[PDB]
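The structure appears right after this line, and notes come after that.
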Amino acid sequence: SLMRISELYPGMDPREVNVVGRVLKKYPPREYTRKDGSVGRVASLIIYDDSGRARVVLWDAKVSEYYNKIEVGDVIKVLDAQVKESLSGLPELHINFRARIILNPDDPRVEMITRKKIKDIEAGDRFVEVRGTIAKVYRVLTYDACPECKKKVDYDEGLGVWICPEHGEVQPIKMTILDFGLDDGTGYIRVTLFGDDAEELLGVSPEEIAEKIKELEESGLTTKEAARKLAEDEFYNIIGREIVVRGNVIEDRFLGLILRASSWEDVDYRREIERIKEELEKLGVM
Amino acid sequence: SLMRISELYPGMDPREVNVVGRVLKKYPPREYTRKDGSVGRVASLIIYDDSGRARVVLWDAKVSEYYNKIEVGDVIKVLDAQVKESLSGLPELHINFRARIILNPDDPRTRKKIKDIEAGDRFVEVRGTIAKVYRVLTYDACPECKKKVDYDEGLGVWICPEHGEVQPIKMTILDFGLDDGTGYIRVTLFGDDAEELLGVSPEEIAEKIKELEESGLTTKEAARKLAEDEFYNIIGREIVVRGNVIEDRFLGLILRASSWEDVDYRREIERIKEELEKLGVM
Amino acid sequence: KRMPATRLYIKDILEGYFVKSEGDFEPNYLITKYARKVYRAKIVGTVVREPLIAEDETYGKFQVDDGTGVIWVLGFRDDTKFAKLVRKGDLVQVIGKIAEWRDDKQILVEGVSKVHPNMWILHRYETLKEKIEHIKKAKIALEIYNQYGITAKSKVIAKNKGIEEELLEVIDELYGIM
Amino acid sequence: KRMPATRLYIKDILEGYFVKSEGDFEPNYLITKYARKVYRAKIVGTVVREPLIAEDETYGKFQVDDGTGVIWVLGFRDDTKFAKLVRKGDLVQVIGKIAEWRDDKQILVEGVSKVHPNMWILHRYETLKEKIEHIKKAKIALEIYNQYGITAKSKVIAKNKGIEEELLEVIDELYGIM
Amino acid sequence: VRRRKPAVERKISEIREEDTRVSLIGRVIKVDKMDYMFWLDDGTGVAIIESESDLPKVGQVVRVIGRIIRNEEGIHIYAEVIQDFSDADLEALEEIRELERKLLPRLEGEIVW
Amino acid sequence: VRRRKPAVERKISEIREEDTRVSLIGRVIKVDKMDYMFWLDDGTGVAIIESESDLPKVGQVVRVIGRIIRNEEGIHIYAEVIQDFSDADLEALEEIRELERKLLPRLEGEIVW
DNA sequence: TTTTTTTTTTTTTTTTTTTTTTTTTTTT
Ligand SMILES: [Zn+2]
Ligand SMILES: [Zn+2]
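Chains as they are written, first to last, in PDB author numbering: chain A, 62 to 174, 186 to 358; chain D, 62 to 170, 186 to 358; chain H, 3 to 180; chain B, 3 to 180; chain I, 5 to 117; chain C, 5 to 117.
Put into structure tokens, the structure is as follows:
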């Protein structure tokens with residue numbers, strides 16, 4: 062079969078299931094309770110081919126039959142397995158009575174192991201890719217955040233500790249906030265980057281930003297005033313840079329559409345030129 | 062003839078008797094009284110060859126004919142003599158009318189099932205499973221008679237009642253039971269045969285017996301303990317034992333095994349095929 | 003006295019009728035479907051699983067398969083040593099007392115030792131020979147029992163035909179069980 | 003609202019018609035020869051001279067050449083910082099408001115940053131694509147204007163042909179200028 | 005209660021569909037030390053024996069007790085027990101297998117209570 | 005009022021007599037570190053580039069903007085700007101130069117007021 | 001041919017901070 066892990070989908074015919082993968086992870090076998098009250102065994106592995114990864118779940122006698130025979134780095138071939146949706150929406154291979162596994166198979170596969189213009193953007197838009205120029209820098213600042221939920225933590229002066237409303241006493245991490253604007257030639261949209269993505273774009277450490285914010289606040293400025301000042305005085309160099317942002321669009325009750333960018337990346341010029349060539353062909357140029 | 066003195070037996074055919082021997086001893090001629098009341102003569106000599114010694118008894122005219130002609134160191138050839146059992150159970154050569162002597166001759170010189193076994197049985201072959209291990213121990217023995225030797229604290233030497241001051245050898249004793257499917261019998265192996273079955277040296281067994289005795293156990297208690305604790309692995313093994321059956325006044329039939337050997341499976345299968353043919357299978 | 007260990011197929015032990023002696027000193031025995039009174043068993047098979055030794059060393063056990071059946075072999079206290087001797091895959095000969103636990107017959111190990119593959123062949127030959135010998139004798143004894151029962155006349159007739167008196171009692175006991 | 007920065011050739015800015023809004027809050031804009039209303043400009047060129055920073059730091063300026071024209075880029079007061087960023091020879095992308103000083107169009111710097119040579123190529127491709135798109139739309143809008151002018155009927159016809167209502171007003175304003 | 009099914013003695017050519025655990029006796033002709041598999045020839049056929057840990061030697065006579073695995077690639081035996089049958093009299097074994105085949109059903113059928 | 009003439013994009017082989025400031029793109033083949041001159045090859049020819057301060061490396065792809073100097077020794081370019089064009093897709097640049105050559109004159113000529 | 005002597009038997013098991021969007025004019 063030429064089938065790849067990327068082609069698996071939940072509820073696909075087990076008779077079509079024929080994939081190979083190298084074992085990346087093996088988890089310990091576990092007990093589980095059956096509907097009849099008895100106790101069975103279940104064990105999970107993670108495998109991958111040239112296309113992607115899949116969880117492989119060995120059930121009951123399949124654990125005794127194969128689990129100790131498999132090791133990390135080995136390749137297995139999986140046949141006739143049921144495909145289920147994992148808790149993260151991804152395909153998993155269930156090795157029940159019907160399924161088979163071939164250890165280190167003889168198989169040829171073994172050796173191989186949305187763009188939207190700003191003018192079209194709407195409120196609540198999800199997974200939008202926008203390529204444009206950084207046009208304005210609103211605010212640059214850092215706040216103490218919980219390392220788990222990334223929410224703002226409060227300093228308790230009575231106990232001398234940092235308190236997260238969700239996780240209690242935590243060790244705070246410095247979270248960077250970058251608010252700017254982006255222009256694509258057909259529209260303008262506000263953009264917000266957080267932590268590691270913002271630090272990567274700014275090219276300055278969050279600890280260094282915190283020190284500069286402190287100097288500004290000591291001079292008689294509030295947190296709001298100091299954040300706007302640092303963006304204009306030190307991070308104005310970022311304006312004019314062409315970037316690709318991906319995120320979801322939320323509508324602020326006065327600020328308008330704000331693009332909460334999950335990631336940013338440098339422009340792939342050949343990809344962009346190909347998009348333009350498509351548009352030129354539509355106009356009757358080529 | 063190639064016959065040796067060691068091959069003589071009482072009542073053997075005098076026509077087969079043909080031995081040579083050097084004269085070791087000559088006793089004086091004596092008179093003896095005949096059944097008819099007359100008086101005869103009899104004289105005895107001791108001769109030996111490369112195999113053993115024999116008393117030679119010259120009767121009546123054979124004394125006059127040969128006695129003075131023979132001397133110590135001379136070799137004689139004895140023919141056609143009657144062989145009798147001496148008072149010590151050994152063969153003697155009787156030189157009567159029929160016999161001849163040549164002075165300084167020119168001469169170059186059964187499978188039985190345990191259910192069928194009885195007390196006093198001799199040369200019995202029994203194939204069965206080792207079922208129990210009674211005792212494993214070693215004792216100091218005489219290298220000649222293999223009997224238990226006594227240590228004398230006054231002289232610091234080992235004394236054998238039969239051979240005197242001797243160098244003791246360690247003798248292994250293995251007492252176990254054997255089962256053949258039709259019966260059960262006690263078995264005893266000695267020395268080299270027992271060591272071969274146990275797969276442990278007698279010196280090593282003596283050391284283990286010493287450790288057990290030091291702990292507060294007697295020789296009897298230590299022998300039973302070592303058999304159960306270390307030699308229990310021998311149980312379940314199929315073997316062939318050969319020996320004589322003696323009846324103990326309370327322990328019952330004990331098979332004193334002269335030898336033991338591994339089972340010849342093809343020989344045993346052939347015996348079973350014979351039994352199957354008798355049942356109308358083949 | 004010490005009665006014999008009977009060479010049998012595991013199937014014959016498993017299908018038998020265990021008899022618990024009410025006396026604290028009387029030996030337990032089994033009566034096979036072919037009216038064979040068995041006090042001790044002698045079997046030859048393969049150890050199919052790695053032995054089971056209880057952590058507290060109170061018991062040790064191992065499984066033996068001979069082709070006709072599968073039986074457990076148990077050693078208690080220091081007798082756990084017997085189970086430690088064997089390993090998964092060993093071809094062994096076992097002698098012991100027949101026991102019944104949870105209505106399943108088993109063997110209380112008296113001895114276990116590794117055997118040559120030709121011993122397994124010898125065992126099969128002996129087992130079949132003894133089985134035929136016993137069945138033919140029990141068939142004649144059953145006819146005597148159905149005609150006369152357990153009487154002084156039937157005991158004389160049984161001796162004349164090479165049948166032991168005990169065999170008629172085993173038939174009567176088996177009829178009482180069934 | 004915040005209208006878009008239009009990607010154009012420097013020549014198109016230079017040849018345009020600057021429109022000064024009379025209101026103190028209204029944004030100034032430019033109308034190109036192809037009837038394109040431009041509030042902000044987005045250009046990609048090379049800095050041809052070392053920047054000019056006034057000694058008193060009141061203004062900072064730098065020159066950009068794109069092959070089709072040469073334009074000055076100005077930053078005032080603290081915005082002088084933009085001119086300090088660049089150096090002679092840098093290949094940069096500039097966004098800003100179009101201004102006219104001494105009847106010469108220029109760019110009031112909003113942002114300037116160094117770009118990869120492939121960005122200059124991407125800029126040329128986008129500039130040409132947008133130009134063709136605009137010209138074809140303006141040609142149809144000009145025919146509508148010559149036939150009907152700025153009427154309720156012409157606005158409906160313009161929407162049907164994918165033309166914005168604002169485009170007809172730009173044509174009328176351009177005719178008034180010329 | 006899934007009691008352990010005794011290994012059914014078979015020849016490679018006589019393996020049945022309903023058989024789940026078998027006992028085969030043959031000679032090793034090929035050993036794959038990477039996929040842990042070996043080729044067993046008994047005279048009646050060749051079976052592919054998948055082993056977990058014990059790999060025999062080429063030319064060794066062995067007895068295998070294993071579970072039968074039926075897949076799209078064929079029928080292979082997942083070996084549970086592999087014993088050295090190098091000194092075993094297979095002629096005698098064959099003779100006793102025939103004796104059991106003939107006499108065992110007759111002995112059971114003689115019971116007329 | 006001598007306003008700065010924009011750099012005219014040319015190939016070395018297409019340089020015209022009337023050209024005073026040009027933009028050339030090529031690979032450096034030789035650098036004279038004493039006379040501050042370097043040899044630029046674009047595929048269509050080789051031009052001698054006289055530099056004031058910036059000297060590129062041999063084998064480096066560079067874009068040069070310079071004034072043309074016409075003397076008895078030949079035509080050399082007095083380099084004003086030298087940019088690193090090492091990662092530049094010259095295939096794409098060549099394609100856009102041809103698109104501009106074809107379409108720009110047609111777009112200007114479409115104006116019928 | 002040997003040491004030393006009391007035979008055998010039952011029963012026991014496990015996703016974030018904090019919130020008011022954009023805009024003109026100034027140039028040696
Ligand atoms: Zn938290
Ligand atoms: Zn002695």
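Virtual Cβ for every residue (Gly too), placed ideally from N, Cα, C.
Distance between residue j and residue i (C-alpha atoms, nearest Å)
i: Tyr260 of chain A; j: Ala83 of chain C; result: 39 Å
i: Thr258 of chain D; j: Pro71 of chain D; result: 40 Å
i: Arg38 of chain H; j: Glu241 of chain D; result: 60 Å
i: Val78 of chain A; j: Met64 of chain A; result: 8 Å
i: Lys9 of chain I; j: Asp58 of chain H; result: 30 Å
i: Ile165 of chain H; j: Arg198 of chain D; result: 29 Å
i: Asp269 of chain D; j: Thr295 of chain D; result: 22 Å
i: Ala85 of chain H; j: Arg313 of chain D; result: 15 Å
i: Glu194 of chain A; j: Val200 of chain A; result: 10 Å
i: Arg76 of chain A; j: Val144 of chain A; result: 11 Å
i: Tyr41 of chain H; j: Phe266 of chain D; result: 31 Å
Contact belief for residue i with residue j at Cβ below 8 Å, rounded distance in angstroms
i: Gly47 of chain B; j: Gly62 of chain B; result: Rounded, the Cβ-Cβ distance is 17 Å, inconsistent with contact.
i: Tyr88 of chain A; j: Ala104 of chain A; result: 7 Å
i: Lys131 of chain H; j: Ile348 of chain D; result: 5 Å
i: residue 2 of chain B; j: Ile146 of chain B; result: Since the first residue shown for chain B is 3 and the last is 180, residue 2 of chain B is missing from the structure and cannot be characterised.
i: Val72 of chain H; j: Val94 of chain H; result: The Cβ separation is near 14 Å, so there is no contact.
i: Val158 of chain H; j: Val111 of chain H; result: At roughly 41 Å, the Cβ-Cβ gap does not stay under 8 Å, so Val158 of chain H and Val111 of chain H are not in contact.
i: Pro244 of chain D; j: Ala217 of chain D; result: 6 Å
i: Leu10 of chain H; j: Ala43 of chain H; result: 6 Å
Burial state of residue i (16 or more Cβ within 10 Å)
i: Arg116 of chain A; result: buried
i: residue 185 of chain B; result: Residue coverage of chain B in this structure runs from 3 to 180, which leaves residue 185 of chain B outside it and unanswerable.
i: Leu148 of chain A; result: exposed
i: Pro29 of chain B; result: exposed
i: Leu327 of chain A; result: exposed
i: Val62 of chain I; result: exposed
i: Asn120 of chain H; result: buried
i: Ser17 of chain I; result: exposed
i: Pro53 of chain B; result: buried
Validate contact between the region 84 to 98 of chain D and the region 131 to 138 of chain D using beta carbons, cut 8 Å, 3 pairs: yes
Three or more C-beta pairs below 8 Å linking the region 305 to 323 of chain D and the region 139 to 155 of chain D: no
Chain C contacts made by the region 304 to 338 of chain A, where a contact means CB separation under 7 Å: none
Contact residues within the region 141 to 162 of chain H, judged by C-beta distance below 8 Å to chain I: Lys141 and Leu144
Residues of the region 104 to 134 of chain B whose Cβ lies closer than 8 Å to any Cβ of chain C, in chain order: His118, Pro119, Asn120, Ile123, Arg126, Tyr127, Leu130, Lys133 and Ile134
Three-pair Cβ contact test at 8 Å for the region 120 to 128 of chain B versus the region 84 to 100 of chain C: yes
Inter-stretch contact (C-beta, 8 Å, three-pair minimum) for the region 148 to 167 of chain H and the region 19 to 33 of chain H: no
Stretch pair the region 221 to 234 of chain D + the region 318 to 333 of chain D: three plus CB contacts closer than 8 Å: no
Chain-ordered residues of the region 87 to 114 of chain C with a beta carbon less than 8 Å from chain A: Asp93, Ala96, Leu103 and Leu107
Touch test, the region 203 to 211 of chain A against the region 240 to 256 of chain A, Cβ-Cβ under 8 Å, three pairs minimum: yes
Contact residues within the region 43 to 58 of chain H, judged by C-beta distance below 8 Å to chain D: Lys44
At least 3 beta-carbon pairs within less than 8 Å: the region 228 to 248 of chain A vs the region 159 to 173 of chain A: no
Cβ contact (3+ pairs, closer than 8 Å) linking the region 20 to 34 of chain C and the region 68 to 75 of chain C: yes
Interface residues of the region 27 to 38 of chain I facing chain H [CB-CB below 7 Å]: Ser27
Near-chain D residues of the region 70 to 95 of chain H - C-beta to any C-beta below 9 Å: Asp80, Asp81, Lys83, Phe84, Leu87, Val94 and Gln95
Against chain I: residues of the region 154 to 168 of chain A by CB proximity under 8 Å: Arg161, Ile163, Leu164 and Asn165
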